[PDB]
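Residue numbers (PDB author numbering), protein chains in the order written: chain A, 24 to 208; chain P, 86 to 101; chain L, 27 to 76, 93 to 254; chain B, 30 to 218. Built from N, CA and C at the ideal position, the CB exists for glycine as well. Structure first, commentary second.
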Amino acid sequence: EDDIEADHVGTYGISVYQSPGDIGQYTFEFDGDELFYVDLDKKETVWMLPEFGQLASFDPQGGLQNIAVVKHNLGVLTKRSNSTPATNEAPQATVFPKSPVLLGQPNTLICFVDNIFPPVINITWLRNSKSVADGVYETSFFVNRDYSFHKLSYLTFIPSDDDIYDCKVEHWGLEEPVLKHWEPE
Amino acid sequence: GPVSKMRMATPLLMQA
Amino acid sequence: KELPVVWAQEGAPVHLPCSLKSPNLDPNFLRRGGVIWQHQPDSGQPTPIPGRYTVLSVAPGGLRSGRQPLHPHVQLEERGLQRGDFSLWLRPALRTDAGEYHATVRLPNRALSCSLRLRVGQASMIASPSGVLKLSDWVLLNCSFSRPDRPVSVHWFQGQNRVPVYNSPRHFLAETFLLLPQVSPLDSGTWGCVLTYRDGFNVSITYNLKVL
Amino acid sequence: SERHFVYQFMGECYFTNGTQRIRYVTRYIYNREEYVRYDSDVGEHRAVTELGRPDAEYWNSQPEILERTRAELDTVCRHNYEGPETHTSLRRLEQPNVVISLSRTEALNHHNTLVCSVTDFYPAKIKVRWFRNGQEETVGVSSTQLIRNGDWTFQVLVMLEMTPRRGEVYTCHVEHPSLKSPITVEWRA
Ligand SMILES: *[C@@H]1O[C@H](CO)[C@@H](O)[C@H](O)[C@H]1NC(C)=O
Ligand SMILES: *[C@@H]1O[C@H](CO)[C@@H](O)[C@H](O)[C@H]1NC(C)=O
Ligand SMILES: *[C@@H]1O[C@H](CO)[C@@H](O)[C@H](O)[C@H]1NC(C)=O
Ligand SMILES: *[C@@H]1O[C@H](CO)[C@@H](O)[C@H](O)[C@H]1NC(C)=O
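Here's what the structure looks like:
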């Protein structure tokens with residue numbers, strides 16, 4: 024009943040600010056896929072797809088102006104609300120391959136973490152319980168209608184029988200960091 | 086000439 | 027053989043567990059375990075022409107896979123999955139879930155496949171004087187559901203704080219019934235009943251009794 | 030530790046049609062709670078909660094701010110739709126990759142579950158159907174939900190409980206608009 028249907032829906036810019044710590048973020052998403060985002064301190068527009076940046080251009084100064092006005096909005100709200108509590112929720116992860124798994128061929132393992140609140144989370148990868156960081160991609164925090172957030176991480180790896188991969192998640196709303204193990208076949 | 090037209094998102098501000 | 031049967035109160039989450047006995051194991055060997063659950067809504071009566095289907099399955103990676111329309115009720119606790127437990131958790135008790143359920147748990151070494159039956163028992167409390175009671179008149183309440191076996195113990199309670207009501211000269215208890223001969227205005231409020239069984243089935247059904 | 034707080038602001042453009050009907054909704058969120066909401070059907074900032082009463086009133090006492098927000102329906106939503114979004118979303122083409130997998134085999138004459146993996150496709154109206162020797166099957170079929178890969182591509186897995194003899198061949202059939210004729214992948218036993 025709360026959901027309304029449209030042919031296409033675009034957020035055309037999502038602003039997120041967290042206090043204290045001054046955690047800012049500004050993205051640009053359309054119909055589920057992230058078009059691009061705006062870097063905080065580098066003052067530049069970073070496109071998720073490189074071909075998307077060959078035809079359109081967004082001014083990141085408006086990105087910094089809106090994240091500053093969101094900072095002011097949260098500042099005056101926290102000053103006016105006085106003593107109001109904030110809640111935490113534990114996220115849920117899911118590990119899956121990008122393409123069909125073929126042993127010996129390079130593939131990309133994706134770790135999808137949903138229901139992230141607050142959006143402060145460490146998403147790491149472990150190869151045979153060992154720390155690994157070879158081409159670890161992380162998208163920006165997409166937004167859900169539950170006002171929670173969902174992010175995705177990428178690992179380009181080689182599927183082999185002697186390798187078992189797990190995705191580790193460290194969150195403020197988790198009493199211990201949880202690890203989702205995975206071994207194909 | 087082809088241009089990279091893209092309108093920005095416009096926020097707002099309260100006083101409080 | 028002789029598949030066990032489990033009852034369920036409509037509108038209340040039902041516990042459908044199945045764990046591998048109780049030996050403490052290495053969690054690393056526990057995360058590498060797939061699960062498949064199938065259901066066949068059936069009955070002794072000719073409900074089918076005289093069919094099974096896969097409701098949900100999750101590979102160790104954590105991905106869901108089920109019937110084309112997503113079932114919003116079933117949501118695995120995930121915690122119990124990492125605690126040597128595979129349990130079906132639906133939030134609303136579906137009245138259309140009356141049937142047979144089969145399991146498939148796949149591990150690199152051993153493997154178990156539990157199986158049982160589910161029957162939906164709509165629980166309700168029926169009053170003999172249907173309506174608002176007078177200033178002083180009799181009243182009878184019978185709380186039960188569609189179950190052949192008789193309850194072993196029945197508890198009653200009054201008020202929103204759930205104060206257990208005992209047998210009194212004005213509070214008569216017999217089997218699964220409650221009767222009050224004179225209903226004073228103080229007897230108004232939420233009166234509830236709790237049932238028990240040999241399998242430990244609790245049914246806490248309430249009813250708002252209004253006196254003149 | 031101590032008091033943490035999260036703030037969010039967004040403005041959604043709903044396109045029920047192409048250029049006929051456009052809708053604009055701005056949302057302000059504090060601690061996963063919305064407190065100020067503007068709708069293009071309303072025409073002014075309304076307070077969804079009492080906390081957002083003075084703030085919305087500040088946006089209701091400024092005529093230039095209200096006219097700017099009303100004009101954002103055409104300068105932010107429609108302008109981006111007819112320009113960049115038409116040139117960066119409609120132009121992005123895709124092709125689904127359809128493969129076939131099998132959990133267990135053995136003699137295959139026993140019970141079995143065939144898998145059809147359709148990966149790396151842009152989300153659209155897809156009709157995936159299982160066919161045994163040319164006839165569509167619906168019983169025992171179990172397909173995953175729309176899995177968002179997050180990189181503009183999608184993925185889906187369909188499963189069919191295949192019991193009949195090895196002598197028969199199975200096939201997966203998918204109907205995606207990016208491909209003119211539905212690609213058909215066959216698997217022999
Ligand atoms: C995440 O990692 C950082 C260091 O990179 C650490 O300071 C922080 O405590 C970790 N966890 C959380 C929940 O912030
Ligand atoms: C009264 O409740 C009992 C068990 O609590 C149930 O078996 C019976 O059908 C109910 N109705 C009657 C006796 O009319
Ligand atoms: C009934 O009692 C048992 C035993 O204490 C308890 O575990 C169970 O949760 C109760 N049932 C319900 C449906 O609350
Ligand atoms: C959508 O817009 C087009 C172009 O103006 C128009 O022909 C069509 O009728 C509209 N759709 C509906 C459902 O009115």
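Below 8 Å, how does it come out for the region 85-98 of chain A and the region 157-173 of chain A: are there three or more Cβ pairs, yes or no? Contact between the region 85-98 of chain A and the region 157-173 of chain A is absent, because fewer than three Cβ pairs lie under 8 Å.
Would you check whether ligand 6 has a heavy atom nearer than 7 Å to the C-beta of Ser186/L? This structure simply doesn't include ligand 6; it includes ligand 1, ligand 2, ligand 3 and ligand 4 instead.
Can we count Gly122/L as close to ligand 3, meaning its CB is less than 7 Å from some heavy atom? If you check the C-beta of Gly122/L against ligand 3, you find no heavy atom less than 7 Å away.
Using a 10 Å radius around the Cβ and a threshold of 16 neighbouring Cβ atoms, would you call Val71/B buried or exposed? With fewer than 16 Cβ atoms within 10 Å of its Cβ, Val71/B is classed as exposed.
Say the cut is 7 Å; is the CB of residue 210/A nearer than that to a heavy atom of ligand 4? Because chain A is modelled from 24 through 208, residue 210/A falls outside the range shown and cannot be assessed.
Should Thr218/L be counted as a contact of ligand 2 given a C-beta to heavy atom distance under 7 Å? At least one heavy atom of ligand 2 is nearer than 7 Å to the Cβ of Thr218/L, so yes.
Can you find a CB in chain L that lies within less than 8 Å of the CB of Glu193/A? So no, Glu193/A is outside the interface.
From what residue to what residue does the beta strand (DSSP E) around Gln77/A run? Secondary structure note for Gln77/A: it is in no beta strand (DSSP E), with a DSSP letter that is neither H nor E.
Contacts around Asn145/A, its chain only, beta-carbon distance under 6 Å, and the 5 residues preceding and following it disregarded: Within the same chain, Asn145/A has close Cβ partners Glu193.
For the putative contact between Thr232/L and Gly201/L, defined by C-beta atoms under 8 Å, what is the C-beta separation to the nearest angstrom? Correct: roughly 7 Å between the Cβ atoms.
Considering only the alpha carbon of each residue, which of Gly122/L, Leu98/L, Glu142/L, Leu149/L lies closest to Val116/L? Here the closest residue by C-alpha is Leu98/L.
What did DSSP end up calling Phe180/A once you bin it into helix, strand or coil? Looking at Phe180/A - three-state DSSP - the assignment turns out to be strand.
Report the residues of the region 216-232 of chain L with a CB closer than 8 Å to any CB of chain B, ordered along the chain. Along the region 216-232 of chain L, none of the residues has a CB nearer than 8 Å to a CB of chain B.
Does the Cβ of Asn141/B have 16 or more other Cβ atoms within 10 Å, making it buried, or fewer, making it exposed? The residue in question, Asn141/B, is buried, as its Cβ has 16 or more Cβ neighbours within 10 Å.
Taking only three categories from DSSP, how would you classify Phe164/A? If DSSP states are grouped into helix, strand and coil, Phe164/A belongs with coil.
What are the boundary residues of the beta strand (DSSP E) that includes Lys191/A? 188-194 is the span of the beta strand (DSSP E), which, as asked, contains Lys191/A.
Of the residues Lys203/A, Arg168/A, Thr101/A, the one placed nearest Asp25/A, counting alpha carbons only: It is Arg168/A.
When you measure from the CB of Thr115/B to every non-hydrogen atom of ligand 4, does any distance come out below 7 Å? False, no ligand heavy atom lies under 7 Å from that Cβ.
Return the chain-ordered list of same chain residues with a C-beta closer than 6 Å to the C-beta of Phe140/A, the five sequence neighbours on each side being excluded. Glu112, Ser171.
Considering just the uninterrupted stretch of the beta strand (DSSP E) at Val162/L, what are its terminal residues? Per DSSP, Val162/L belongs to the beta strand (DSSP E) from 157-163.
From the DSSP output, read off the bridge partner residues of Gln64/L. Paired residue(s): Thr96/L, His144/L.
Could you tell me whether the Cβ of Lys121/A comes closer than 8 Å to any Cβ of chain B? Judged by the 8 Å Cβ criterion, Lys121/A is in contact with chain B.
Enclosing alpha helix (DSSP H) for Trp233/L [first to last residue]: In this chain, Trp233/L is not harboured by any alpha helix (DSSP H); it is covered by the beta strand (DSSP E) spanning 231-237.
Can you tell me where the alpha helix (DSSP H) holding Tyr87/B begins and where it ends? Residues 82-89.
What separation, rounded to the nearest whole angstrom, lies between the Cα atoms of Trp205/A and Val118/A? Computed Cα separation, rounded: 7 Å.
Cβ pair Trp195/A, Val143/A closer than 8 Å: Cβ atoms of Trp195/A and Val143/A: closer than 8 Å.
Return the chain-ordered ranges of every beta strand (DSSP E) run that is complete within the region 122-167 of chain B and spans a minimum of 3 residues. Listed in chain order, the complete beta strand (DSSP E) runs (minimum 3 residues) inside the region 122-167 of chain B are 126-131, 142-150, 156-161, 164-166.
Give a yes or no on whether the C-beta atoms belonging to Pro190/L and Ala135/L are separated by under 8 Å. No, the Cβ-Cβ distance between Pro190/L and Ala135/L is not below 8 Å.
Determine, using beta carbons only, whether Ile58/B comes closer than 8 Å to chain P. Taking Cβ atoms only, chain P never reaches closer than 8 Å to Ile58/B, which makes this a no.
In chain L, what lies closer than 8 Å to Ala116/A by C-beta? Result: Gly104.
Below 8 Å between beta carbons is the criterion; list the residues of the region 90-112 of chain A that meet it against any residue of chain P, in chain order. Listed by position, the residues of the region 90-112 of chain A near chain P (Cβ gap below 8 Å) are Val92, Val93, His95, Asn96, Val99, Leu100, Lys102, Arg103.
Through-space distance from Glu199/A to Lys191/A, alpha-carbon basis: Those two C-alpha atoms are separated by around 10 Å.
Do you know offhand how far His205/B's Cα is from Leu112/L's? Our two residues, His205/B and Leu112/L, have alpha carbons roughly 21 Å apart in a direct line.
Terminal residues of the alpha helix (DSSP H) in which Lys94/A lies: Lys94/A -> alpha helix (DSSP H) spans 83-103.
Using the beta-carbon of each residue, which ones in chain A are nearer than 7 Å to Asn54/L? Those are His204, listed as they occur along chain A.
Within 10 Å of its beta-carbon, does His41/L have 16 or more other beta-carbons around it, so buried, or fewer, so exposed? By the Cβ-count criterion, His41/L is exposed, with fewer than 16 other Cβ atoms from all chains shown falling within 10 Å of its own Cβ.
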